[PDB]
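S.K.: I'm passing along final.pdb; it holds PDB, C-alpha atoms.
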ATOM      1  CA  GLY A   1     -31.358 -42.602 -13.588
ATOM      2  CA  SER A   2     -32.121 -38.934 -14.153
ATOM      3  CA  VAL A   3     -35.365 -36.910 -14.390
ATOM      4  CA  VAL A   4     -33.499 -33.886 -15.826
ATOM      5  CA  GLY A   5     -36.371 -32.610 -18.043
ATOM      6  CA  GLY A   6     -38.912 -35.466 -17.515
ATOM      7  CA  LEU A   7     -36.488 -38.399 -17.941
ATOM      8  CA  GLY A   8     -37.506 -40.401 -14.823
ATOM      9  CA  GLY A   9     -38.105 -43.651 -16.796
ATOM     10  CA  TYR A  10     -36.951 -42.480 -20.266
ATOM     11  CA  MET A  11     -34.250 -44.402 -22.125
ATOM     12  CA  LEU A  12     -31.463 -43.658 -24.561
ATOM     13  CA  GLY A  13     -30.838 -45.360 -27.907
ATOM     14  CA  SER A  14     -27.289 -46.464 -28.650
ATOM     15  CA  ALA A  15     -25.307 -44.601 -31.338
ATOM     16  CA  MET A  16     -27.424 -44.588 -34.510
ATOM     17  CA  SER A  17     -26.748 -43.498 -38.094
ATOM     18  CA  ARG A  18     -27.543 -40.043 -39.439
ATOM     19  CA  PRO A  19     -30.612 -40.365 -41.797
ATOM     20  CA  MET A  20     -30.988 -38.382 -45.007
ATOM     21  CA  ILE A  21     -33.481 -35.457 -45.239
ATOM     22  CA  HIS A  22     -34.330 -33.342 -48.291
ATOM     23  CA  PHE A  23     -36.098 -30.055 -47.444
ATOM     24  CA  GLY A  24     -35.176 -28.923 -50.976
ATOM     25  CA  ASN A  25     -33.882 -25.445 -50.141
ATOM     26  CA  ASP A  26     -30.360 -25.452 -51.584
ATOM     27  CA  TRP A  27     -29.170 -23.998 -48.264
ATOM     28  CA  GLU A  28     -31.221 -26.407 -46.081
ATOM     29  CA  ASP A  29     -29.720 -29.581 -47.574
ATOM     30  CA  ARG A  30     -26.105 -28.416 -47.194
ATOM     31  CA  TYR A  31     -26.980 -26.965 -43.767
ATOM     32  CA  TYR A  32     -27.731 -30.464 -42.496
ATOM     33  CA  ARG A  33     -24.779 -32.222 -44.181
ATOM     34  CA  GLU A  34     -22.190 -29.563 -43.143
ATOM     35  CA  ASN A  35     -23.255 -29.150 -39.466
ATOM     36  CA  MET A  36     -24.146 -32.747 -38.610
ATOM     37  CA  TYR A  37     -21.592 -33.251 -35.754
ATOM     38  CA  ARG A  38     -23.515 -30.554 -33.793
ATOM     39  CA  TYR A  39     -26.503 -32.961 -33.650
ATOM     40  CA  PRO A  40     -26.890 -35.911 -31.195
ATOM     41  CA  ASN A  41     -26.411 -39.319 -32.916
ATOM     42  CA  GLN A  42     -28.556 -40.895 -30.132
ATOM     43  CA  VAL A  43     -32.302 -40.333 -29.303
ATOM     44  CA  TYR A  44     -34.033 -40.319 -25.913
ATOM     45  CA  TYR A  45     -37.495 -41.994 -25.638
ATOM     46  CA  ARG A  46     -39.803 -43.686 -23.043
ATOM     47  CA  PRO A  47     -40.305 -47.503 -22.798
ATOM     48  CA  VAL A  48     -43.059 -48.999 -25.001
ATOM     49  CA  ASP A  49     -45.861 -49.820 -22.581
ATOM     50  CA  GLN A  50     -49.717 -49.914 -23.126
ATOM     51  CA  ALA A  51     -49.750 -47.797 -26.269
ATOM     52  CA  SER A  52     -46.561 -45.785 -27.047
ATOM     53  CA  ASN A  53     -47.746 -45.391 -30.664
ATOM     54  CA  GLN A  54     -45.458 -43.269 -32.814
ATOM     55  CA  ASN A  55     -47.545 -40.084 -32.306
ATOM     56  CA  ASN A  56     -46.971 -39.707 -28.531
ATOM     57  CA  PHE A  57     -43.588 -41.493 -28.783
ATOM     58  CA  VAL A  58     -42.036 -39.145 -31.399
ATOM     59  CA  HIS A  59     -43.653 -36.257 -29.466
ATOM     60  CA  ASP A  60     -41.870 -37.301 -26.241
ATOM     61  CA  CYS A  61     -38.684 -38.111 -28.250
ATOM     62  CA  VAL A  62     -38.291 -34.748 -30.010
ATOM     63  CA  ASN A  63     -39.419 -32.965 -26.806
ATOM     64  CA  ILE A  64     -36.868 -34.629 -24.505
ATOM     65  CA  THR A  65     -33.967 -35.101 -26.990
ATOM     66  CA  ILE A  66     -34.048 -31.406 -27.976
ATOM     67  CA  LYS A  67     -34.428 -30.515 -24.261
ATOM     68  CA  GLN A  68     -31.300 -32.561 -23.367
ATOM     69  CA  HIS A  69     -28.992 -31.154 -26.043
ATOM     70  CA  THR A  70     -30.506 -27.668 -26.635
ATOM     71  CA  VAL A  71     -32.018 -26.544 -23.272
ATOM     72  CA  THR A  72     -28.874 -27.965 -21.535
ATOM     73  CA  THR A  73     -26.396 -26.130 -23.872
ATOM     74  CA  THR A  74     -28.195 -22.942 -25.077
ATOM     75  CA  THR A  75     -27.599 -21.759 -21.484
ATOM     76  CA  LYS A  76     -24.112 -23.400 -21.068
ATOM     77  CA  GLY A  77     -22.443 -21.590 -23.984
ATOM     78  CA  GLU A  78     -24.168 -23.012 -26.905
ATOM     79  CA  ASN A  79     -27.130 -21.046 -28.294
ATOM     80  CA  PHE A  80     -28.898 -23.389 -30.739
ATOM     81  CA  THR A  81     -30.497 -21.226 -33.432
ATOM     82  CA  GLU A  82     -34.045 -21.889 -34.652
ATOM     83  CA  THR A  83     -32.695 -22.803 -38.108
ATOM     84  CA  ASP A  84     -30.319 -25.344 -36.540
ATOM     85  CA  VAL A  85     -33.221 -26.706 -34.386
ATOM     86  CA  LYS A  86     -35.452 -26.969 -37.526
ATOM     87  CA  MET A  87     -32.961 -29.622 -38.712
ATOM     88  CA  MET A  88     -32.734 -31.331 -35.266
ATOM     89  CA  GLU A  89     -36.565 -31.726 -35.164
ATOM     90  CA  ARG A  90     -36.453 -33.954 -38.283
ATOM     91  CA  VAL A  91     -33.137 -35.622 -37.433
ATOM     92  CA  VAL A  92     -34.489 -36.691 -34.014
ATOM     93  CA  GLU A  93     -37.907 -37.592 -35.542
ATOM     94  CA  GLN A  94     -36.232 -39.921 -38.078
ATOM     95  CA  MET A  95     -33.900 -41.623 -35.578
ATOM     96  CA  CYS A  96     -36.734 -41.801 -32.994
ATOM     97  CA  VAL A  97     -38.970 -43.411 -35.681
ATOM     98  CA  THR A  98     -36.164 -45.982 -36.156
ATOM     99  CA  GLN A  99     -35.932 -46.690 -32.370
ATOM    100  CA  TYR A 100     -39.758 -46.677 -32.106
ATOM    101  CA  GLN A 101     -39.860 -49.471 -34.738
ATOM    102  CA  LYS A 102     -37.273 -51.526 -32.765
ATOM    103  CA  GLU A 103     -39.125 -51.541 -29.414
ATOM    104  CA  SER A 104     -42.510 -51.585 -31.243
ATOM    105  CA  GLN A 105     -41.637 -55.114 -32.471
ATOM    106  CA  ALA A 106     -40.381 -56.110 -28.968
ATOM    107  CA  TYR A 107     -43.692 -54.939 -27.493
ATOM    108  CA  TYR A 108     -45.732 -56.365 -30.400
ATOM    109  CA  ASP A 109     -44.454 -59.937 -30.177
ATOM    110  CA  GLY A 110     -46.374 -60.102 -26.866
ATOM    111  CA  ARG A 111     -49.526 -58.262 -28.148
ATOM    112  CA  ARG A 112     -49.817 -60.337 -31.269
ATOM    113  CA  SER A 113     -52.956 -59.984 -33.427
ATOM    114  CA  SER A 114     -50.994 -62.080 -35.953
TER     115      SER A 114
END
Write the structure described by the file as structure tokens, please.
M.R.:
Amino acid sequence: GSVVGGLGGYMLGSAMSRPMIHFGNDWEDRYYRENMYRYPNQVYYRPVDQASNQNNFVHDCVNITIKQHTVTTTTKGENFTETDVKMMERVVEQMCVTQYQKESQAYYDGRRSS
């Protein structure tokens, strides 16, 4: 367990796949594809209890995942730029939305409204 930045019951998705994102600036697209190793291929989230709908779930995901690779590096000799973060926000959102869907089903299969 940890509670490093709130994580005292949070969870960590196994290694995922990098999604595709198309901001449509001809620097923004390359900026993702070129820098991608700098971004965590795993997302942190909380367990899917009572509600955990994607709104508060993606909120807590992007909050904590950024916190535990940006707030815990930007002091340690990284210095994650806002432009680099702008990419991480979506990259974490996407991968969090994937993980959200996984545990959503696992929750759902007990909450069934058919």
S.K.: Translate the PyMOL selection byres ((chain A and resi 85-88) around 9) into a concrete residue list for this structure, as a ChimeraX atom specification.
M.R.: /A:21,28,31-32,39-40,62,66,70,80-84,89-93
S.K.: How many Å lie between atom CA of residue 13 of chain A and atom CA of residue 42 of chain A, rounded to one decimal?
M.R.: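 Between atom CA of residue 13 of chain A and atom CA of residue 42 of chain A the gap is 5.5 Å.
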S.K.: Rounded to one decimal place, report the atom CA of residue 53 of chain A-atom CA of residue 98 of chain A distance in Å.
M.R.: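 Distance reported for this atom pair: 12.8 Å.
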S.K.: Mind giving me the straight-line distance from atom CA of residue 26 of chain A to atom CA of residue 79 of chain A in Å, one decimal?
M.R.: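 Straight-line distance from atom CA of residue 26 of chain A to atom CA of residue 79 of chain A works out to 23.9 Å.
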S.K.: Might I get the box with edges along x, y and z of the file that holds all atoms of segment 10-21 of chain A listed there, padded by 3 Å on every side, given as centre and edge lengths in Å to one decimal, as lines of an AutoDock Vina configuration file?
M.R.:
center_x = -31.1
center_y = -41.0
center_z = -32.8
size_x = 17.6
size_y = 17.0
size_z = 31.0
S.K.: With only C-alpha atoms as the counted atoms, please give the residues lying no more than 8 Å from residue 60 of chain A, apart from itself and same-chain residues fewer than 3 positions off, as a PyMOL selection string.
M.R.: chain A and resi 45-46+56-57+63-64
S.K.: Here is a test: counting only C-alpha atoms, which residue of A:41, A:104, A:75, A:65 is nearest to residue 16 of chain A?
M.R.: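 Smallest separation from residue 16 of chain A among the options: A:41.
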S.K.: Within 10 Å of residue 4 of chain A, counting all atoms listed in the file, which residues qualify if same-chain residues fewer than 6 places away don't, as a short mmCIF file (atom, residue, chain, number, x, y, z; two decimals) with C-alpha atoms, in the coordinates of the input?
M.R.:
data_model
loop_
_atom_site.label_atom_id
_atom_site.label_comp_id
_atom_site.auth_asym_id
_atom_site.auth_seq_id
_atom_site.Cartn_x
_atom_site.Cartn_y
_atom_site.Cartn_z
CA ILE A 64 -36.87 -34.63 -24.50
CA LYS A 67 -34.43 -30.52 -24.26
CA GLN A 68 -31.30 -32.56 -23.37
CA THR A 72 -28.87 -27.96 -21.54
#
S.K.: Considering only C-alpha atoms, can you say which of A:110, A:29, A:78, A:43 comes closest to residue 10 of chain A?
M.R.: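 Going through A:110, A:29, A:78, A:43 one by one, the smallest distance to residue 10 of chain A is for A:43.
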S.K.: Take segment 15-112 of chain A from the block and save it with C-alpha atoms, as a short mmCIF file (atom, residue, chain, number, x, y, z; two decimals), in the first residue's frame.
M.R.:
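Final output, saved to decode.cif:
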data_model
loop_
_atom_site.label_atom_id
_atom_site.label_comp_id
_atom_site.auth_asym_id
_atom_site.auth_seq_id
_atom_site.Cartn_x
_atom_site.Cartn_y
_atom_site.Cartn_z
CA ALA A 15 0.95 -2.16 -18.71
CA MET A 16 -1.51 -0.83 -21.31
CA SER A 17 -1.12 0.30 -24.92
CA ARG A 18 -0.53 3.90 -25.96
CA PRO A 19 -3.81 5.23 -27.56
CA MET A 20 -3.87 7.57 -30.54
CA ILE A 21 -4.78 11.29 -30.12
CA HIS A 22 -5.16 13.93 -32.84
CA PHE A 23 -5.06 17.52 -31.52
CA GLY A 24 -4.44 18.58 -35.14
CA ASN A 25 -1.59 21.02 -34.53
CA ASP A 26 1.20 19.68 -36.74
CA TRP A 27 3.54 20.05 -33.75
CA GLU A 28 1.09 18.50 -31.22
CA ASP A 29 0.69 15.21 -33.10
CA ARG A 30 4.44 14.64 -33.53
CA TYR A 31 4.99 15.89 -29.95
CA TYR A 32 3.01 12.92 -28.64
CA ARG A 33 4.47 10.29 -31.00
CA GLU A 34 8.13 11.42 -30.51
CA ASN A 35 8.09 11.79 -26.68
CA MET A 36 5.87 8.85 -25.74
CA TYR A 37 8.42 6.94 -23.56
CA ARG A 38 8.33 9.93 -21.14
CA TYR A 39 4.68 9.05 -20.38
CA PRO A 40 3.49 6.27 -17.98
CA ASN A 41 2.05 3.24 -19.85
CA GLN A 42 0.01 2.40 -16.69
CA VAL A 43 -2.85 4.41 -15.01
CA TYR A 44 -3.70 4.75 -11.32
CA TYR A 45 -7.42 4.71 -10.30
CA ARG A 46 -9.69 3.86 -7.29
CA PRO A 47 -11.79 0.64 -7.04
CA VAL A 48 -15.29 0.77 -8.59
CA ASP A 49 -17.63 0.94 -5.61
CA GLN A 50 -21.15 2.59 -5.26
CA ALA A 51 -20.83 4.89 -8.26
CA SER A 52 -17.30 5.41 -9.69
CA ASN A 53 -18.86 6.73 -12.93
CA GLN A 54 -16.33 7.91 -15.49
CA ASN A 55 -16.62 11.59 -14.43
CA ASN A 56 -15.22 11.20 -10.88
CA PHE A 57 -13.12 8.18 -11.95
CA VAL A 58 -11.22 9.94 -14.79
CA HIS A 59 -10.96 12.97 -12.46
CA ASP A 60 -9.25 10.86 -9.76
CA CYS A 61 -7.22 9.02 -12.46
CA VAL A 62 -5.71 12.08 -14.18
CA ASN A 63 -5.27 13.75 -10.76
CA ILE A 64 -3.35 10.87 -9.15
CA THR A 65 -1.51 9.52 -12.24
CA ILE A 66 -0.11 12.98 -13.09
CA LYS A 67 0.67 13.47 -9.36
CA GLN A 68 2.66 10.18 -9.26
CA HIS A 69 4.79 10.78 -12.36
CA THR A 70 4.91 14.62 -12.49
CA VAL A 71 4.75 15.85 -8.85
CA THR A 72 7.19 13.01 -7.91
CA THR A 73 9.73 13.87 -10.71
CA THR A 74 9.35 17.65 -11.38
CA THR A 75 11.10 18.00 -7.99
CA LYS A 76 13.49 14.97 -8.43
CA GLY A 77 15.19 16.24 -11.60
CA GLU A 78 12.48 16.08 -14.09
CA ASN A 79 10.51 19.29 -14.71
CA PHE A 80 7.44 18.27 -16.74
CA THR A 81 6.49 21.23 -18.94
CA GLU A 82 2.87 22.32 -19.33
CA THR A 83 2.96 21.35 -23.03
CA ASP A 84 4.20 17.86 -22.11
CA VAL A 85 1.48 17.63 -19.39
CA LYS A 86 -1.20 18.75 -21.94
CA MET A 87 -0.44 15.45 -23.73
CA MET A 88 -0.34 13.39 -20.48
CA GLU A 89 -3.84 14.68 -19.51
CA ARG A 90 -5.35 13.03 -22.63
CA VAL A 91 -3.04 10.01 -22.61
CA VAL A 92 -4.04 9.20 -19.00
CA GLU A 93 -7.72 10.07 -19.72
CA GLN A 94 -7.79 7.58 -22.64
CA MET A 95 -6.04 4.74 -20.79
CA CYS A 96 -8.09 5.48 -17.63
CA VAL A 97 -11.28 5.34 -19.77
CA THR A 98 -10.08 1.90 -20.94
CA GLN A 99 -9.46 0.69 -17.33
CA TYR A 100 -12.74 2.31 -16.20
CA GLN A 101 -14.59 0.19 -18.81
CA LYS A 102 -12.88 -3.01 -17.54
CA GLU A 103 -13.85 -2.64 -13.85
CA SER A 104 -17.18 -0.99 -14.86
CA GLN A 105 -18.24 -4.37 -16.34
CA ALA A 106 -16.91 -6.24 -13.25
CA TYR A 107 -18.99 -3.95 -11.03
CA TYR A 108 -21.97 -3.98 -13.42
CA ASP A 109 -22.41 -7.75 -13.59
CA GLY A 110 -23.52 -7.49 -9.94
CA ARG A 111 -25.69 -4.32 -10.41
CA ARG A 112 -27.48 -5.66 -13.44
#
